[PDB]
Each structure stands twice: as C-alpha cells, then as structure tokens.
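S.K.: Quick one: the structure is below, and I'll ask about it shortly.
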Amino acid sequence: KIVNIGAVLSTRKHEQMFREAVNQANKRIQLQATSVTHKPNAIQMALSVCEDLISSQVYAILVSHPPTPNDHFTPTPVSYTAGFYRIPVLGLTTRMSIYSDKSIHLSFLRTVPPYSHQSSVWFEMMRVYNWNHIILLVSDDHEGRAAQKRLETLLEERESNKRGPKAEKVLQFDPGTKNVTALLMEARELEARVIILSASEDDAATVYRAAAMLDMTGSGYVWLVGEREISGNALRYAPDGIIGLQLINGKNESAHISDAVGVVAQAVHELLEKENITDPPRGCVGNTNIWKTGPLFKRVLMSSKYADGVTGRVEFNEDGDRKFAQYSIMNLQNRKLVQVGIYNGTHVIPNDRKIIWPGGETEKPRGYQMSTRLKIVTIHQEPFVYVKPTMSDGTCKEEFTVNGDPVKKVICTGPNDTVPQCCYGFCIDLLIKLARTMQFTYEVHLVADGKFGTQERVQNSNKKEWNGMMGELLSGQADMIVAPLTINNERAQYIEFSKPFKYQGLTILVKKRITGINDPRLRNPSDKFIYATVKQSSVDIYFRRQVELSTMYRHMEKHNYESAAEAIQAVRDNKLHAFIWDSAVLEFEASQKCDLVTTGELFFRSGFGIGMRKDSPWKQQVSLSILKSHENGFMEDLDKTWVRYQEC
Amino acid sequence: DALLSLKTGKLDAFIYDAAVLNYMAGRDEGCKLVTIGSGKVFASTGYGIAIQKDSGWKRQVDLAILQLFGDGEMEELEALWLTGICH
Amino acid sequence: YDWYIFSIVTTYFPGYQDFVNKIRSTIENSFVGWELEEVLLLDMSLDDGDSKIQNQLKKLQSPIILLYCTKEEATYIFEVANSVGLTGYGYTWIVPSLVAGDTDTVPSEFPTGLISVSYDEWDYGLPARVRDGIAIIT
Amino acid sequence: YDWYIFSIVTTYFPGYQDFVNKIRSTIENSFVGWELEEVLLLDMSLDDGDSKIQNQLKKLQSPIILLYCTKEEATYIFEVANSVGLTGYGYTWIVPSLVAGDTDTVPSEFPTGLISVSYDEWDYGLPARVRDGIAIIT
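Dropping the structure here:
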C-alpha cells in the first residue's frame, strides 16, 4: 500500500529533495523516493538498474544525470530494461527526439521536448514573421534528417490565401565537415534570405564562418538555426543579429525536476486511480518477462496528465513528452542575447525593445528575387528559331526584314557537336515581348535531346521521368528556357507550363493516298511506305499513347529517326514515304522548302511553350502577357515575321 | 438574324466568332457564306468552362484538360457535334 | 497478384511514414503498371471520431489489404473491420510479418487467409544458417 | 430525384411482396428510364446469420434508400446501418409514412434527412376536409 521506487540521480540534493517533494505530493496512499548516482561504467549503470531500481520494484525515474557533456545520456539501454519489465521510464536527459522514439525507447518522456516542434515553433513563428520563401539544410544524421522531415510535416500540415507556407529549397549537409562552400554556393543560388538549419554550436561556427566567407552570414540572410547550433560556443562565432531560443524553464532541475515530481504525483494518484492498480515485480534476476500491469501502467502513462505542475499547467504529448512548452526567443544585442521571449503553442513573446535582424533590417526582408538573366536552352526551331553560326568574333550579321527592320538574332552558346552562336527566330522575339513586359534577360543554351524532355524509364533504376532538358528545367538548370512545344499530361505530371498563344498542329509530312493515319494505306503502311518521327519526341509520347501504335510506334521504332533534322534530311531525300513531325513546324518547313508535301490532317494542335516551373511571376505575368501577345499585333507580327515569310 | 441577313446580304458581311463561323461554317443550306478569308487565324485564342476564382479543382481541372487532349474523343464529338455540313 | 490498381493501410505506429515512404517511392518512378488508391493511417488509441473504419472502409476498392500496425492493434482494427465486414470475400490481405508476429499465433480477429513473408521458419534453420553465419564472420 | 438507377429495401414484414410487387411492376412495363439495383428483404427477429447488414449494405450503389418495415425495427436496422455507416453522406433516404409514423416522432436511430410523403398534416386539416367529407357522404 506504499510506493517503492529506486532511481539514479545526478547529485545528493537530487535524491534528498526528490524524496522530500516525494513526501509532499505523496500527501497531495503514501509514497517515498530512492535514487542512486550516475554510475560511471556502462555495466555499472546497467546492473545498477538491475538492482537499485529493479530490487526496489521502482515505480519510475525521471533521469538526467549527465556530466552535462551532452552525449545523449547513456541510459537508453536502461529505459530499455524498463521495457524488459515493461516498467515506466521518462527521459529527462535529452531535448532531442532520440529519447522519444518508441521502437527504440517505448517508455520515455521529455522534460526537454524534442527539438522537432522547436524549429516548428520557428515555423509558425515565421508566420508571425510572415515570411514566405524559406530554405533549409543541415548535416547528415538521423535526428537532423528526421528533424527536417518533421519540419516538412509542419509544411505538410499546411497542405489542406495569398502565398502560404512557402518552402524555398531543401538542401542537406554531411555530418562533421569543414567547408559548406558548395552548399554556400547553393545559398548564393538561394534567392530567399531565410536560412533554416540545425546543428551543434561548433558546426554552427563553421556555418557563420564559411557563410561569412561566402558572405552568406553577411547581412541580408535570415538565419533560423537550432538551439544546439544557437546556444553554446557558437556565441563566439555568433552571427550578427542572429537569434537563438530554448524552452521556458527547461534546463533547471529545480523547476523542471520539480515538475517531474508534480506530474509524477498526477500519475501517482492517477497510478492509484485505475483498475488493478499495483506495482511490478522486484527482482531483475527473477524477472525474465515484462510486467503486464507494468505495461498497463505505461498505458496509464499514456493516460497520465496533470492539471498544473511545478512548471504550471502541462499535459502529455503524442510522444507523451511534456506539452504546451514555450521556447524563449532571444534577439541579438551587440552580439549578445536580447530576449524576445517565449512562444507557447498559442502564446508568443516579443521583446520590449525592437529585435535586431541579422543586419540593420527593420523587418524580415523579401527573400525571393528572380535573376535578370534567366538562362535558356533549346534546339533550333525552324518555325521560329534559326541558330546560325555567328561571326568570327561571335557577332551576328545585321539582317533587315522584308519590311527592312534590322532584326536581332538571338546570341547563344551551344555544345561542341561548347561553342557560342546566334539564333534568328521569332521565339526570342516573344522573349523581347517578355522582358518588354517585365524586364528579364536570359542566357541561351542548346538542347541536344530527343525533346524538351521525354518521360522515360532509363536502362537503370527503371525510373520514368522526362528525358531531356525538361528535367534541367525541373532542375532549373537553365533558369527560364523555351521550346515551341505542345504541353502534355507528362508536363502536367511534371510541372505547370505556360499557355502559348500560338496554335500548333501535329501530322506527318510527305515529300513533294497520303490520307490520315487511320487510312489503311497509312494504317497498314506497305514496305514502300516508311514513316517515322524524332526519337524521344513529344509525338513519340503521342503515338506512344494509342491502340494501334504497335505498327506505328513499334514497327516505326525500327524506322524511327533519332534527329528530327535528320527526318528533314531523309524527308527531302524521300528515302521514306512520309515524315511524322510537328504539322505547324511542317508548315514552317514547307514554307521555306516545298519539296515536301505535308498532309492536310488535324491532330494534336496546341502551340509553343516556355520554361515554367511551379511558382513564377511569369505565372500571371506570362499568362496575361500572352493575353496581350495574341491581343496585340505582336501575334500578327509573328504572322508577318514568320507565317508571312512563306513564299512557297 | 444577321446570318439570314448575310444570306441575302442585308449587310456587306456578317462578322462573328470564327467558332460562330465554324458551326456556322459547316452547316449551310446552300454554299454562299464563307469565312473571313479561308478562315485564317483572327485573334487566336481558345475557350473553356472555368470555375470559382482559384478553385481547388485548378490543378485537377487542368488534369481534366490533360484528358481532353489525352482523349481523342475530342475528334469523336469533333465529328458528332462538330462535323460540318460544308466539309 | 497482378493487381494494377491497389491501396494500403497503416497506423500512426512506427514504420508509418517509412512504409508509406518507400511505398509511394516504389510506386513512384517505376515504369511498372503499379497503381494504388490510397492508404489510411490513423491512431486507434482514443476512439475514432468518424468511426473512420467505415469511412476509409468504403474508400477501399482494391482487394489487396496491406496494413502496418501491431498484432494486437491489428486485432483491434481487424476485428473492427470484420464488424465493417469490408474484408468480405474477394478482397486480399497483405500483412507485415511483424504485424503477423508469431506464425504459431493465429488471432481470429485478424483477416482470414492473410498473406505475408519473412525469414524462413521451415526452410531456414537457426543452427544451420547460423553456423554458416559464423563462417561468414570468419 | 432524377436517379435512373436505383435500389430499395424491405423487411419480411407486411407489404413486403406488395411493395416489391407494385415496385417492380412500376419498374416493369414503363418506357421510363427507371432502373434499380435490387432490394434486400429479411427478418431481424433472430440474429443475422451473415450480419447481412454489411452484405446487402455494400451491395447498395444507389443513393436512394427505400425500405419497408416498422418504425421500431426501422430503428433496429437503421441504427444497425449507422453501425454499417452505409447511410454515409451522398446517399438518399426514402421512408414509408407508416414506417415513419408520427411526424413529431424523430428517432435518431433512423437515417437523418429521410424523405417520405403522406396525407397533409399542415395543409390538410382534419375538421375541414372531414366536413367536406361529410358533404361527400351527402
């Protein structure tokens, strides 16, 4: 009818006052406490648990008895043994979720809640900051990686108005490295100033050090770091205007361990408040199995809550680790902490004085900033872009129009089979309409693939994804590129593309029957009838979705030409019946050279395109921009500029 | 009204949507009315049935378009409703 | 099983984000005709606010039932599913060996005719493959 | 309701062969686009050997639910159906005024938002239409 609990404390006062409050709340059907020290050897704490707790039939122990040299205090295998009896255990020794995970440690709690909600409190706290674009990286590790995971769960929480919990970029680092200078270059590649990371204080010293070297730690980058990164020796390397945080009243075993006594009492009377309330067997040796009621007692721990404790009102968590904590924010004042205050679940405490941003920034700056030059890549589209070899100095030959206007070819760089060049085409003219709307420069590259990209499963990994520069747009390699291509569900599957005002067409061109594809002459092409399209083309997907594609796609896969330019070759060569290509582009080619007679059929008529990946100002800018494009004569211009360029 | 007008020619010509000129194009009693030109593109654009502003169906309905082009029954009804009498 | 479309299930218990993770992962980049409806993850600790057993139950058109949970909880929602009866003949049951636990254990609350895989109790002997394992240590 | 396909329900209680009789009858010779899945008639006196609540429950793809039974038994299998949850939003509930009984009576075990028809409690007054009825006797 009395509680018997062995334990292991950090200091004598921990054990004595432990038994003291144990008496006090034991009155608040009686209970007492017994504790040990932190046993130096691993086996010392081990058999120590096998006796002082076990032989005591120990109720529970809230255990932090570190040197406070971090270390994620060893007694994980201890609470394990508590599982060997299914006896209760609650971690006092860690602010990491390492002490959380049940598959590792089932019975456990946190007087220092897992750092998960911490940076999440920095997430909703960024909603307070009202920041949007935010990028993140950290060193390779389970707690770190999965920490970023849970952060994404916070981001994933917003899944179900204007903008939102914008995730800028997710990077990662390895554990224990010196130079992030590559990832620093990624931060350069990061437009957003929001810097989300977590580490220890010394790796954080690498962060502010090499970051300042990259001028990342320089003013103009909003650094949200981890407490372990923030607190500690990093104070020497502390970034200017940076802030750091920790939960309210966490590090003091006085109020925190006192709270362990109080909630321990809520679970004592509560421990006496359930059916078949008792204590587990004592002897470790002599216990070969887990206590069934001891496990049921842990269910009571899942049922364990407290009205108000020594730290005040606190409940359990999903992990049962504390609850409703408050992380005290401290702004920098002359490289010294000026406390903003504690952000509870609902509550958040700003400072009295204005907090210091990393620089002299009064408010959170605007992170996302697009580049003036937006790199582009494509293959010459005879419909618009004709890329000629430039001058010996790379200059382009000044070329008047039929009207006489000295049209401007599009300077470019392209591969060896690397070389710069220029391109005469109406596409870059539409680009001049683009920068003409909102100024955007660009860097032109080439595209050697079978399309923009072709969703494709490679010879390895069987990974089906766009094969071509389209992945590089998914990769954003070229910042903003374009191709006069029709969109596909694959693009839909890939990313939102633009809507070109151009109206394209898709059919096969023949040299100059010849009915539609379904026509038996075409549907059953004879030996004399050979036809194909470019390998890995978009039409390759088109026919690649069809009932009869066996003959067409399959049988033509033999006849399939890799290069569409090569299809023009064998086409004018008339080495085959007809050539499947873009019927629009066919009209462009039939325009310049009528030696091929294109069909008159109508299939897959969409239009041109430009590089569009997820959120871009080109969303509405480019959308309504096109609305003007067709809405203005620039459309009719291209007609004149291109369609009217057809003599025959 | 303007259609039978132009049929008689009550005005020099009848302006209308190239779509109006499409359904109007194929179906005709006799052969008189013709497109502006052969029907060359005048204000190239396209139509669809939208929804509430920033509706959640946005990406979804987008996929519905991916089924439209990814259908080819567009060609079917493109006969069924949209086959013209002129041809 | 040659089921192109599919669906799965899980609890909030561990491996949850893992099983879904590598699950959708395997279901992601492949050129296979793999397809799946969805998977309902939840926690049966408290009651079910929606009695979502029925809610996700009707949501399952795939015969294959693949869930991730503890054998006991597996009996909780599995028997709860017998109450739903959504296991009705024509479905299919994929079970984790862990969720399965002991081969000798055969809780009737779980779905009859369930399927799984693990290290061989029959084919793989402990002393034999263990001895070969010591040889591997060598 | 403009539901071309449909389905119904009944107990072994009276009107059973009648409601199905004139039911399939109206569903029979007409040129209307009327269509229906089926109707499960049974007796809830003893237990349900198959717990057929689920069995016929999944068998119902039509939103409209039309059953014939006593209001109390209607609560037995209606609440049993809440347990099945097959009433889940998107269905439809057609109820007999007799199965409905008292307008003032509103058993929650029955399906919410159920529909029916009868002689008018609001529009048709007993003394008025009754007086006119005496005039008809005249």
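Residue numbers (PDB author numbering), protein chains in the order written: chain W, 25 to 52, 58 to 189, 206 to 462, 471 to 565, 684 to 819; chain C, 716 to 802; chain B, 164 to 301; chain S, 164 to 301. Cβ atoms here follow ideal geometry from the backbone N, Cα and C, with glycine treated the same way.
Any C-beta of chain W within less than 9 Å: which residues of the stretch 192-216 of chain B qualify?
M.R.: Against chain W - using a Cβ distance shorter than 9 Å - the residues of the stretch 192-216 of chain B are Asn192, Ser193, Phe194, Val195, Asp206 and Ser208.
S.K.: Just the C-alpha distance for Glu272 of chain B and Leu230 of chain B, rounded to the nearest angstrom, thanks.
M.R.: So the two alpha carbons sit approximately 14 Å from each other.
S.K.: Name the one or two DSSP bridge partners that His101 of chain W has.
M.R.: DSSP, once it has assigned bridges, lists no residue as partnering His101 of chain W.
S.K.: Report the residue from W:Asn278, W:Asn206, W:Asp260 and W:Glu186 whose alpha carbon sits nearest the alpha carbon of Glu153 of chain W.
M.R.: Closest option to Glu153 of chain W, Cα to Cα, is W:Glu186.
S.K.: Looking at the C-beta of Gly253 of chain B, does it have a partner C-beta in chain S at a distance below 7 Å?
M.R.: So, not an interface residue.
S.K.: On the DSSP bridge assignment, give the partners of residue 604 of chain W in chain order.
M.R.: No atoms of residue 604 of chain W appear, because in chain W residue 565 is followed directly by 684.
S.K.: Rounding to the nearest angstrom, what Cα-Cα distance links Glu443 of chain W and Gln474 of chain W in this structure?
M.R.: Those two C-alpha atoms are separated by around 14 Å.
S.K.: Heavy atom of the ligand HEM less than 6 Å from the Cβ of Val355 of chain W, yes or no?
M.R.: Absence of the ligand HEM from the depicted structure is noted, as is the absence of any ligand whatsoever, leaving it without description.
S.K.: Flag this pair as yes or no: are the beta carbons of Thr63 of chain W and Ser93 of chain W separated by less than 7 Å?
M.R.: No; because the gap between Cβ atoms is not below 7 Å, this pair is not in contact.
S.K.: Could you work out which residues of chain W lie near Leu781 of chain C, taking near to mean beta carbons separated by less than 7 Å?
M.R.: Within chain W, the residues near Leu781 of chain C are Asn542 and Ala545.
S.K.: Using 7 Å as the threshold, is the C-beta distance between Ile797 of chain W and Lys552 of chain W below it?
M.R.: For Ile797 of chain W and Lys552 of chain W, yes; Cβs fall inside 7 Å.
S.K.: Taking 7 Å as the cut-off, decide whether the C-beta atoms of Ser245 of chain W and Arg273 of chain W are in contact.
M.R.: Closer than 7 Å, so yes.
S.K.: If you draw a straight line from the C-alpha of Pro788 of chain W to the C-alpha of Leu419 of chain W, how long is it?
M.R.: Approximately 13 Å, taken between the alpha carbons.
S.K.: Quick one: Cα of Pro143 of chain W to Cα of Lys215 of chain B, how far?
M.R.: If you take the alpha carbons of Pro143 of chain W and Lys215 of chain B, they lie about 30 Å apart.
S.K.: From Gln371 of chain W to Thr391 of chain W, what does the alpha carbon distance come to, in whole angstroms?
M.R.: Spanning the two alpha carbons is a distance of roughly 9 Å.
S.K.: Quick check: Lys517 of chain W and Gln707 of chain W, are their CB atoms within less than 7 Å of each other?
M.R.: No, Cβ-Cβ distance for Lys517 of chain W and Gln707 of chain W is not below 7 Å.
S.K.: Would you list the residues sitting across from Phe750 of chain W in a DSSP beta bridge?
M.R.: Its beta-bridge partners are W:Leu562 and W:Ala703.
S.K.: Return the CA-CA distance between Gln180 of chain B and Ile171 of chain B, expressed in angstroms with no decimal places.
M.R.: Spanning the two alpha carbons is a distance of roughly 13 Å.
S.K.: Would you kindly check if the distance between the Cβ of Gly506 of chain W and the Cβ of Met533 of chain W is under 7 Å?
M.R.: No; because the gap between Cβ atoms is not below 7 Å, this pair is not in contact.
S.K.: Going by other Cβ atoms of all chains shown within 10 Å of its Cβ, with 16 needed for buried, is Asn50 of chain W buried or exposed?
M.R.: It counts as buried.
S.K.: Is the separation between the beta-carbon of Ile712 of chain W and that of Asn541 of chain W shorter than 7 Å?
M.R.: In contact: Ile712 of chain W and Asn541 of chain W (Cβ atoms closer than 7 Å).
S.K.: What does a CB cutoff of less than 6 Å around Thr250 of chain B pick up in its chain, not counting 5 residues either side in sequence?
M.R.: These residues qualify, in order along the chain: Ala244 and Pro274.
S.K.: Closer than 7 Å between beta carbons: that is the criterion. Which residues of the stretch 756-770 of chain C meet it against chain W?
M.R.: Those would be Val756, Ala758, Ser759 and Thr760, in chain order.
S.K.: Drop a sphere of 10 angstroms on the beta-carbon of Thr769 of chain W, count the other beta-carbons inside from all chains shown, and report buried for 16 or more, exposed for fewer.
M.R.: Buried, since its Cβ has 16 or more Cβ neighbours within 10 Å.
S.K.: The alpha helix (DSSP H) spanning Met739 of chain C covers which residue range?
M.R.: Looking at the DSSP string, the run of the alpha helix (DSSP H) that includes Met739 of chain C is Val735 to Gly741.
S.K.: For the alpha helix (DSSP H) containing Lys773 of chain C, name the first residue and the last one.
M.R.: Run containing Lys773 of chain C: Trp772 to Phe784, per the alpha helix (DSSP H) assignment.
S.K.: Using only CA atoms, which one of S:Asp283, S:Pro226 and S:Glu236 lies nearest to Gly276 of chain S?
M.R.: Looking at the Cα atoms, S:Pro226 is the closest of the given residues.
S.K.: Who are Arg510 of chain W's beta bridge partners in DSSP?
M.R.: Per DSSP, W:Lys517.
S.K.: Kindly say whether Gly785 of chain C, judged by its beta-carbon, lies nearer than 7 Å to any beta-carbon of chain W.
M.R.: Taking Cβ atoms only, chain W reaches closer than 7 Å to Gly785 of chain C, which makes this a yes.
S.K.: Please tell me whether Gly276 of chain B has its Cβ less than 7 Å away from any Cβ of chain S.
M.R.: Chain S contact via Cβ: absent.
S.K.: Have a look at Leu792 of chain C and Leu199 of chain S and give me their C-alpha separation to the nearest angstrom.
M.R.: If I take the Cα positions, the gap works out to 30 Å.
S.K.: Report all residues from its chain with a CB closer than 8 Å to the CB of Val183 of chain B; omit the five preceding and five following residues, and keep chain order.
M.R.: Same-chain partners within the cutoff: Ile171, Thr173, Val202 and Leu204.
S.K.: Could you tell me whether any Cβ in chain B is nearer than 7 Å to the Cβ of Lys442 of chain W?
M.R.: So no, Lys442 of chain W is outside the interface.
S.K.: For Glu360 of chain W, which residues of its own chain have a beta-carbon under 6 Å away from its beta-carbon, when the five flanking residues on both sides are left out?
M.R.: Correct list, in chain order: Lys350 and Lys368.
S.K.: Ignoring anything shorter than 4 residues or poking outside the stretch 116-164 of chain W, list the alpha helix (DSSP H) runs there in chain order.
M.R.: Counting only runs of 4 or more, we get 144-158.
S.K.: In terms of alpha-carbon separation, which member of C:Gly787, C:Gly771 and C:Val756 lies closest to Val718 of chain W?
M.R.: Nearest C-alpha to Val718 of chain W: C:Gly787.
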